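A.B. asks: What follows is the file upload.txt, containing compact mmCIF, N, CA and C atoms and all ligand atoms:
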```txt
# COMPACT_ATOMS: atom_id res chain seq x y z
N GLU A 79 5.85 -5.98 20.91
CA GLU A 79 4.46 -5.48 20.76
C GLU A 79 4.29 -4.83 19.39
N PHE A 80 3.32 -5.37 18.65
CA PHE A 80 2.94 -4.88 17.34
C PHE A 80 1.47 -4.48 17.41
N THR A 81 1.09 -3.49 16.60
CA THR A 81 -0.29 -3.04 16.55
C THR A 81 -0.75 -2.89 15.10
N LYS A 82 0.20 -2.89 14.15
CA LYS A 82 -0.14 -2.53 12.79
C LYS A 82 -0.67 -3.73 12.03
N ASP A 83 -1.73 -3.48 11.27
CA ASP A 83 -2.27 -4.47 10.36
C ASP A 83 -1.24 -4.73 9.27
N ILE A 84 -1.24 -5.95 8.74
CA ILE A 84 -0.36 -6.30 7.64
C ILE A 84 -1.20 -6.72 6.45
N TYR A 85 -0.76 -6.30 5.27
CA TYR A 85 -1.30 -6.75 4.00
C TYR A 85 -0.13 -7.26 3.18
N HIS A 86 -0.35 -8.30 2.37
CA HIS A 86 0.68 -8.71 1.43
C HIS A 86 0.20 -8.42 0.02
N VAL A 87 1.16 -8.27 -0.88
CA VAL A 87 0.86 -8.01 -2.27
C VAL A 87 0.51 -9.32 -2.96
N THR A 88 -0.70 -9.40 -3.52
CA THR A 88 -1.15 -10.60 -4.20
C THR A 88 -0.87 -10.53 -5.70
N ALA A 89 -0.91 -9.32 -6.28
CA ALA A 89 -0.57 -9.14 -7.69
C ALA A 89 0.93 -9.34 -7.90
N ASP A 90 1.35 -9.55 -9.14
CA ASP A 90 2.77 -9.77 -9.39
C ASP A 90 3.59 -8.53 -9.04
N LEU A 91 2.99 -7.36 -9.26
CA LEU A 91 3.62 -6.06 -9.02
C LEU A 91 2.56 -5.09 -8.51
N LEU A 92 3.00 -4.06 -7.78
CA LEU A 92 2.12 -3.02 -7.30
C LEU A 92 2.87 -1.68 -7.25
N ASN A 93 2.36 -0.67 -7.97
CA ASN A 93 2.87 0.68 -7.84
C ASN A 93 2.48 1.26 -6.48
N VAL A 94 3.42 1.97 -5.86
CA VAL A 94 3.17 2.75 -4.66
C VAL A 94 3.05 4.20 -5.12
N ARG A 95 1.94 4.85 -4.77
CA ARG A 95 1.63 6.19 -5.27
C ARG A 95 1.74 7.24 -4.17
N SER A 96 1.98 8.50 -4.58
CA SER A 96 2.10 9.58 -3.61
C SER A 96 0.72 10.14 -3.25
N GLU A 97 -0.30 9.81 -4.04
CA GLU A 97 -1.68 10.19 -3.75
C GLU A 97 -2.55 8.98 -4.06
N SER A 98 -3.83 9.02 -3.67
CA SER A 98 -4.73 7.88 -3.80
C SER A 98 -5.28 7.76 -5.22
N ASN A 99 -4.39 7.80 -6.21
CA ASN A 99 -4.82 7.75 -7.60
C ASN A 99 -3.62 7.48 -8.50
N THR A 100 -3.92 7.22 -9.78
CA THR A 100 -2.89 6.90 -10.76
C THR A 100 -2.42 8.13 -11.54
N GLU A 101 -2.74 9.33 -11.05
CA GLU A 101 -2.23 10.56 -11.65
C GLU A 101 -1.26 11.21 -10.68
N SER A 102 -0.60 10.39 -9.87
CA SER A 102 0.39 10.88 -8.92
C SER A 102 1.70 10.12 -9.11
N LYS A 103 2.77 10.61 -8.49
CA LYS A 103 4.09 10.02 -8.65
C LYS A 103 4.13 8.60 -8.12
N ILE A 104 4.82 7.72 -8.86
CA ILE A 104 5.12 6.38 -8.38
C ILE A 104 6.40 6.45 -7.54
N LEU A 105 6.25 6.17 -6.24
CA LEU A 105 7.34 6.25 -5.28
C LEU A 105 8.23 5.01 -5.33
N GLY A 106 7.66 3.91 -5.83
CA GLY A 106 8.36 2.65 -5.90
C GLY A 106 7.38 1.57 -6.33
N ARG A 107 7.92 0.36 -6.51
CA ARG A 107 7.10 -0.78 -6.86
C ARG A 107 7.37 -1.88 -5.84
N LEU A 108 6.28 -2.55 -5.46
CA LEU A 108 6.36 -3.74 -4.64
C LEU A 108 6.09 -4.95 -5.53
N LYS A 109 6.52 -6.12 -5.08
CA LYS A 109 6.26 -7.35 -5.82
C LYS A 109 5.50 -8.33 -4.94
N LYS A 110 4.93 -9.34 -5.59
CA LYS A 110 4.15 -10.36 -4.93
C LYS A 110 4.87 -10.85 -3.67
N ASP A 111 4.09 -10.93 -2.59
CA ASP A 111 4.48 -11.46 -1.29
C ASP A 111 5.18 -10.43 -0.41
N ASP A 112 5.48 -9.24 -0.95
CA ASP A 112 5.95 -8.15 -0.11
C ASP A 112 4.81 -7.75 0.81
N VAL A 113 5.14 -7.10 1.93
CA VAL A 113 4.10 -6.67 2.85
C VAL A 113 4.16 -5.16 3.05
N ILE A 114 3.00 -4.64 3.43
CA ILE A 114 2.89 -3.29 3.94
C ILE A 114 2.16 -3.35 5.28
N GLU A 115 2.52 -2.41 6.15
CA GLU A 115 1.89 -2.26 7.45
C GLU A 115 1.07 -0.98 7.41
N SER A 116 -0.12 -0.99 8.02
CA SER A 116 -0.94 0.22 8.06
C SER A 116 -1.83 0.19 9.29
N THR A 117 -2.24 1.39 9.73
CA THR A 117 -3.22 1.54 10.80
C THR A 117 -4.51 2.12 10.24
N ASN A 118 -4.52 2.44 8.95
CA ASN A 118 -5.60 3.22 8.36
C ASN A 118 -6.68 2.34 7.76
N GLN A 119 -7.84 2.95 7.50
CA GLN A 119 -8.96 2.27 6.89
C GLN A 119 -8.93 2.50 5.39
N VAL A 120 -9.35 1.48 4.63
CA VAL A 120 -9.44 1.59 3.19
C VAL A 120 -10.51 2.62 2.86
N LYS A 121 -10.20 3.51 1.91
CA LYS A 121 -11.12 4.54 1.45
C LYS A 121 -11.20 4.51 -0.06
N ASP A 122 -12.39 4.23 -0.60
CA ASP A 122 -12.64 4.23 -2.03
C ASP A 122 -11.59 3.41 -2.79
N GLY A 123 -11.22 2.26 -2.22
CA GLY A 123 -10.38 1.29 -2.90
C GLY A 123 -8.88 1.51 -2.73
N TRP A 124 -8.48 2.49 -1.90
CA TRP A 124 -7.08 2.81 -1.69
C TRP A 124 -6.77 2.81 -0.20
N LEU A 125 -5.53 2.46 0.12
CA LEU A 125 -5.05 2.40 1.48
C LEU A 125 -3.84 3.32 1.64
N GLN A 126 -3.92 4.20 2.65
CA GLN A 126 -2.80 5.05 3.03
C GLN A 126 -1.88 4.31 4.00
N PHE A 127 -0.57 4.47 3.80
CA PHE A 127 0.43 3.88 4.67
C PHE A 127 1.71 4.70 4.55
N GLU A 128 2.75 4.30 5.26
CA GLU A 128 4.01 5.02 5.22
C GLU A 128 5.01 4.18 4.44
N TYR A 129 5.52 4.74 3.34
CA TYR A 129 6.49 4.07 2.49
C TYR A 129 7.78 4.89 2.50
N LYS A 130 8.84 4.29 3.06
CA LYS A 130 10.14 4.95 3.12
C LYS A 130 10.00 6.34 3.73
N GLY A 131 9.18 6.44 4.78
CA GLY A 131 9.01 7.66 5.54
C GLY A 131 8.03 8.65 4.91
N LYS A 132 7.46 8.30 3.75
CA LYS A 132 6.53 9.20 3.08
C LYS A 132 5.10 8.69 3.15
N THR A 133 4.14 9.63 3.23
CA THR A 133 2.74 9.26 3.07
C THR A 133 2.60 8.65 1.68
N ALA A 134 1.96 7.48 1.60
CA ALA A 134 1.86 6.78 0.33
C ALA A 134 0.54 6.02 0.29
N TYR A 135 0.17 5.58 -0.91
CA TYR A 135 -1.10 4.91 -1.12
C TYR A 135 -0.97 3.79 -2.13
N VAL A 136 -1.78 2.74 -1.93
CA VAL A 136 -1.85 1.65 -2.88
C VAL A 136 -3.31 1.28 -3.14
N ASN A 137 -3.53 0.81 -4.37
CA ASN A 137 -4.80 0.24 -4.79
C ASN A 137 -4.98 -1.10 -4.08
N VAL A 138 -5.99 -1.22 -3.21
CA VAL A 138 -6.10 -2.40 -2.34
C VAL A 138 -6.52 -3.66 -3.10
N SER A 139 -6.96 -3.55 -4.36
CA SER A 139 -7.34 -4.76 -5.06
C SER A 139 -6.10 -5.60 -5.38
N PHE A 140 -4.92 -4.99 -5.24
CA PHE A 140 -3.64 -5.64 -5.48
C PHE A 140 -3.08 -6.26 -4.20
N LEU A 141 -3.84 -6.14 -3.11
CA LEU A 141 -3.45 -6.64 -1.80
C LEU A 141 -4.36 -7.79 -1.37
N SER A 142 -3.81 -8.56 -0.42
CA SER A 142 -4.54 -9.56 0.33
C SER A 142 -5.55 -8.89 1.26
N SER A 143 -6.34 -9.73 1.93
CA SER A 143 -7.07 -9.30 3.10
C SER A 143 -6.06 -8.98 4.20
N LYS A 144 -6.53 -8.24 5.21
CA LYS A 144 -5.70 -7.85 6.33
C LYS A 144 -5.37 -9.04 7.22
N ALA A 145 -4.15 -9.06 7.78
CA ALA A 145 -3.74 -10.06 8.76
C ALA A 145 -3.52 -9.41 10.13
MG MG B 1 -0.98 14.50 1.65
```
Would you mind writing the structure in this file as structure tokens?
C.D. replies:
Amino acid sequence: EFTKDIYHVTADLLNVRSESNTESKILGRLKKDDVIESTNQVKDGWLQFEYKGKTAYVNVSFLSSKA
């Protein structure tokens, strides 16, 4: 049983941020075709999710539509 929405990275690379902006720490980088799981709604172009156990955010223009 799964409940989480999936997004894949469409851009070649994507920074994972500690806040919903580019003035926060980069927690890591994802590459094209990697996926993230989330239950949250997109807010002002950013999506909150859990990355390596931490609250994290990505710019959704670098992501696919939800699956
Ligand atoms: Mg916080």
A.B. asks: Anything within 7 Å of (1.4, -1.6, -6.0): list those residues as a PyMOL selection string, counting only N, CA and C atoms and sticking to the file's coordinates.
C.D. replies: chain A and resi 91-95+106-109+136-137+140
A.B. asks: With N, CA and C atoms retained, export the selected residues as an mmCIF file, keeping the file's coordinate frame.
C.D. replies:
```cif
data_model
loop_
_atom_site.group_PDB
_atom_site.id
_atom_site.type_symbol
_atom_site.label_atom_id
_atom_site.label_comp_id
_atom_site.auth_asym_id
_atom_site.auth_seq_id
_atom_site.Cartn_x
_atom_site.Cartn_y
_atom_site.Cartn_z
ATOM 1 N N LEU A 91 2.990 -7.360 -9.260
ATOM 2 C CA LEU A 91 3.620 -6.060 -9.020
ATOM 3 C C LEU A 91 2.560 -5.090 -8.510
ATOM 4 N N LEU A 92 3.000 -4.060 -7.780
ATOM 5 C CA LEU A 92 2.120 -3.020 -7.300
ATOM 6 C C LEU A 92 2.870 -1.680 -7.250
ATOM 7 N N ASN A 93 2.360 -0.670 -7.970
ATOM 8 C CA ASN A 93 2.870 0.680 -7.840
ATOM 9 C C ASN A 93 2.480 1.260 -6.480
ATOM 10 N N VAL A 94 3.420 1.970 -5.860
ATOM 11 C CA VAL A 94 3.170 2.750 -4.660
ATOM 12 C C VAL A 94 3.050 4.200 -5.120
ATOM 13 N N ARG A 95 1.940 4.850 -4.770
ATOM 14 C CA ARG A 95 1.630 6.190 -5.270
ATOM 15 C C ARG A 95 1.740 7.240 -4.170
ATOM 16 N N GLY A 106 7.660 3.910 -5.830
ATOM 17 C CA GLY A 106 8.360 2.650 -5.900
ATOM 18 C C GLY A 106 7.380 1.570 -6.330
ATOM 19 N N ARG A 107 7.920 0.360 -6.510
ATOM 20 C CA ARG A 107 7.100 -0.780 -6.860
ATOM 21 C C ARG A 107 7.370 -1.880 -5.840
ATOM 22 N N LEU A 108 6.280 -2.550 -5.460
ATOM 23 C CA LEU A 108 6.360 -3.740 -4.640
ATOM 24 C C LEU A 108 6.090 -4.950 -5.530
ATOM 25 N N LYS A 109 6.520 -6.120 -5.080
ATOM 26 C CA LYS A 109 6.260 -7.350 -5.820
ATOM 27 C C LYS A 109 5.500 -8.330 -4.940
ATOM 28 N N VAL A 136 -1.780 2.740 -1.930
ATOM 29 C CA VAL A 136 -1.850 1.650 -2.880
ATOM 30 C C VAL A 136 -3.310 1.280 -3.140
ATOM 31 N N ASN A 137 -3.530 0.810 -4.370
ATOM 32 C CA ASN A 137 -4.800 0.240 -4.790
ATOM 33 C C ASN A 137 -4.980 -1.100 -4.080
ATOM 34 N N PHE A 140 -4.920 -4.990 -5.240
ATOM 35 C CA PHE A 140 -3.640 -5.640 -5.480
ATOM 36 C C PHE A 140 -3.080 -6.260 -4.200
#
```
A.B. asks: CA of residue 113 (chain A) to atom N of residue 132 (chain A): how many Å, to one decimal?
C.D. replies: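 Here the two named atoms are 15.4 Å from each other.
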A.B. asks: DSSP on the backbone: what in chain A comes out strand (DSSP E or B), as a ChimeraX atom specification?
C.D. replies: /A:83-87,91-95,104-109,113-116,121,124-129,132-137,141
A.B. asks: For the interface of chain A with ligand MG 1 (chain B) (cut-off 8 Å, counting all atoms listed in the file), please tabulate each contacting residue of chain A alongside its nearest pair of atoms and their separation in Å to one decimal, rows sorted by chain and increasing number, as CSV.
C.D. replies:
```
residue,atom,partner,partner_atom,distance
A:96,C,B:MG1,MG,6.8
A:97,CA,B:MG1,MG,6.9
A:133,CA,B:MG1,MG,6.6
A:134,N,B:MG1,MG,7.6
```
A.B. asks: Could you tell me how far atom N of residue 144 (chain A) lies from CA of residue 98 (chain A), in Å and to one decimal?
C.D. replies: 18.6 Å
A.B. asks: Region 115-122 of chain A: which residues within 5 Å, counting all atoms listed in the file, same-chain residues fewer than 2 positions away excluded, as a list in words?
C.D. replies: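 Answer for this query is residues 82, 83, 84, 113, 124 and 125 of chain A.
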A.B. asks: Smallest atom-to-atom distance to residue 110 (chain A): which of A:145, A:128, A:88, A:79, using all atoms listed in the file?
C.D. replies: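 The closest residue to residue 110 (chain A) is A:88.
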A.B. asks: Between atom C of residue 130 (chain A) and atom N of residue 80 (chain A), what distance in Å does the model show, to one decimal?
C.D. replies: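 These two atoms are separated by 20.1 Å.
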A.B. asks: Will you model N, CA, C and O atoms for region 94-113 of chain A and pass it back as a compact mmCIF listing (two decimals), keeping the file's coordinate frame?
C.D. replies:
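The resulting file, out-v1.txt, is shown below:
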```
# COMPACT_ATOMS: atom_id res chain seq x y z
N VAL A 94 3.42 1.97 -5.86
CA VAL A 94 3.17 2.75 -4.66
C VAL A 94 3.05 4.20 -5.12
O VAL A 94 3.95 4.69 -5.79
N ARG A 95 1.94 4.85 -4.77
CA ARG A 95 1.63 6.19 -5.27
C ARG A 95 1.74 7.24 -4.17
O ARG A 95 1.54 6.96 -3.00
N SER A 96 1.98 8.50 -4.58
CA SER A 96 2.10 9.58 -3.61
C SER A 96 0.72 10.14 -3.25
O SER A 96 0.58 10.81 -2.24
N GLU A 97 -0.30 9.81 -4.04
CA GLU A 97 -1.68 10.19 -3.75
C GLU A 97 -2.55 8.98 -4.06
O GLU A 97 -2.06 8.01 -4.63
N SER A 98 -3.83 9.02 -3.67
CA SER A 98 -4.73 7.88 -3.80
C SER A 98 -5.28 7.76 -5.22
O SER A 98 -6.49 7.61 -5.41
N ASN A 99 -4.39 7.80 -6.21
CA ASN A 99 -4.82 7.75 -7.60
C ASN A 99 -3.62 7.48 -8.50
O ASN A 99 -2.47 7.60 -8.08
N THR A 100 -3.92 7.22 -9.78
CA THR A 100 -2.89 6.90 -10.76
C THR A 100 -2.42 8.13 -11.54
O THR A 100 -1.76 7.97 -12.57
N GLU A 101 -2.74 9.33 -11.05
CA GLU A 101 -2.23 10.56 -11.65
C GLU A 101 -1.26 11.21 -10.68
O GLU A 101 -1.16 12.44 -10.62
N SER A 102 -0.60 10.39 -9.87
CA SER A 102 0.39 10.88 -8.92
C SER A 102 1.70 10.12 -9.11
O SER A 102 1.75 9.12 -9.82
N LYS A 103 2.77 10.61 -8.49
CA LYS A 103 4.09 10.02 -8.65
C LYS A 103 4.13 8.60 -8.12
O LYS A 103 3.57 8.30 -7.06
N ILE A 104 4.82 7.72 -8.86
CA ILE A 104 5.12 6.38 -8.38
C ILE A 104 6.40 6.45 -7.54
O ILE A 104 7.47 6.80 -8.05
N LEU A 105 6.25 6.17 -6.24
CA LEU A 105 7.34 6.25 -5.28
C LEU A 105 8.23 5.01 -5.33
O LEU A 105 9.38 5.05 -4.91
N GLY A 106 7.66 3.91 -5.83
CA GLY A 106 8.36 2.65 -5.90
C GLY A 106 7.38 1.57 -6.33
O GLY A 106 6.20 1.85 -6.54
N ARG A 107 7.92 0.36 -6.51
CA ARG A 107 7.10 -0.78 -6.86
C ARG A 107 7.37 -1.88 -5.84
O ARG A 107 8.50 -2.06 -5.38
N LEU A 108 6.28 -2.55 -5.46
CA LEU A 108 6.36 -3.74 -4.64
C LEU A 108 6.09 -4.95 -5.53
O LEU A 108 5.51 -4.81 -6.60
N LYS A 109 6.52 -6.12 -5.08
CA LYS A 109 6.26 -7.35 -5.82
C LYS A 109 5.50 -8.33 -4.94
O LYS A 109 5.44 -8.18 -3.72
N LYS A 110 4.93 -9.34 -5.59
CA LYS A 110 4.15 -10.36 -4.93
C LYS A 110 4.87 -10.85 -3.67
O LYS A 110 6.08 -11.12 -3.69
N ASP A 111 4.09 -10.93 -2.59
CA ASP A 111 4.48 -11.46 -1.29
C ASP A 111 5.18 -10.43 -0.41
O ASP A 111 5.38 -10.68 0.77
N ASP A 112 5.48 -9.24 -0.95
CA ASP A 112 5.95 -8.15 -0.11
C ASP A 112 4.81 -7.75 0.81
O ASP A 112 3.65 -8.05 0.53
N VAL A 113 5.14 -7.10 1.93
CA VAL A 113 4.10 -6.67 2.85
C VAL A 113 4.16 -5.16 3.05
O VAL A 113 5.20 -4.51 2.88
```
